[PDB]
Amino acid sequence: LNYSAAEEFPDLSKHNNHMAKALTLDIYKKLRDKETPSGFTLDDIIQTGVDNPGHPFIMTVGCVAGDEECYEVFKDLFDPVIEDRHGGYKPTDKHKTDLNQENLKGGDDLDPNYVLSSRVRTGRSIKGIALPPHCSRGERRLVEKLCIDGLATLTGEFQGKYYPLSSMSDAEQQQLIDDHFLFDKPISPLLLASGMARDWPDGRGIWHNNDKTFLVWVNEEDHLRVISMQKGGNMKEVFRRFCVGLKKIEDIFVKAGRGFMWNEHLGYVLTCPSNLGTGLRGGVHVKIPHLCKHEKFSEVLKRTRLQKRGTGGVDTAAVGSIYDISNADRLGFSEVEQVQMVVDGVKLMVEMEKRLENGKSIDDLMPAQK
């Protein structure tokens, strides 16, 4: 620290990123000497943002949390970043958590002729343990054990087994990856620069019930990545299992003195500020050859508050007209609200694909902006 704040201030002149848009010399001056209980610092928080400039078109977050205290100790940086990334979400705003699956209306009849799969995923962090960008091998192992012992008490349809990555051949791994069940080794320079790939494979693995309809990714982007999924369109069932399983897992952890990080302002606390509130991304793999090329496709996603992406075959990668359409919201909307927008929006897109196949217009179906 024999160097001034200005001498140590990152060169962000060519950066396109939330962290870069928020950070100023004053904030750096005031916070560069602070640290969280686990020793995480502002430099640690912004490192990924300094290394990954991102692109003008897409705006990346550019910063991560190394532990729970980061969001309070470095609020001068996270607050404006969160506000900007989350659409105006203010430090005083509160986030509503709703995991009551009975509040969802319909969603069990999505067209199986267009909707090949349905999936609802979220992330969780364990109180008292540093997050992936900063967690020690010991901490990571602690989380792993907690899941192993905790999940081993799940019964019935939630009866399952844990497979540490170290127990799977590179071949078995690829198969699990190809079938959309398992996460691969991080490659994203955004991820790698945060330090979350450390000691990789150690402490990582996957737990899943026998039917592989309920899964828990262990120590990948976050402490826990809980997933519920099936082929088809009953999203209702998917969410149902999601909520029931989630609650079973929370009850066990809470009982073990290790609960999930949460607060009334950010909801569930996770590594990346973009995934705060709910750690939820509910979506379907759907075939929309006509719609994906319709001039209005971009406007419908915006109005339905949905997002698109790519994983082409429910098996195969980058083929066909099979898209991954999911909710865009994270914080400010409740789990039920997000999955409800997925159900409604996906149902409308299907209704649109069909019209487009018949060469008819879709102006008739254009939703209103949500």
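Note that residue numbering begins at 1 and tracks the sequence as displayed.
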- [ ] Look over 168 to 176 and 219 to 227 in the entry and identify the one with the greater average Cα temperature factor.
- [x] 168 to 176
- [ ] Could you check the entry and say whether 134 to 142 or 275 to 283 has the higher mean CA B-factor?
- [x] 275 to 283
Open item on the list: According to the Cα B-factor stored in this entry, which of the following is highest: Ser194, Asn234, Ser125, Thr122?
Closed with: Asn234
Task: Criterion, highest CA B-factor; candidates, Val238, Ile252, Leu266, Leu77 - done: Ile252
TODO: Taking the values exactly as deposited, rank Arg198 by C-alpha B-factor within its chain and report the matching third: lowest, middle or highest.
DONE: lowest
Open item on the list: Considering every modelled residue of the chain and its Cα B-factor in the PDB entry, is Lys296 in the lowest, middle or highest third?
Closed with: highest
Open item on the list: Can you tell me whether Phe40 has a C-alpha B-factor in the lowest, middle or highest third compared with the other modelled residues of the same chain?
Closed with: lowest
Open item on the list: Please place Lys105 in the lowest, middle or highest third of its chain according to the CA B-factor in the PDB entry.
Closed with: highest
Open item on the list: Test of reading the entry: by CA B factor among the chain's modelled residues, which third contains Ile325?
Closed with: middle
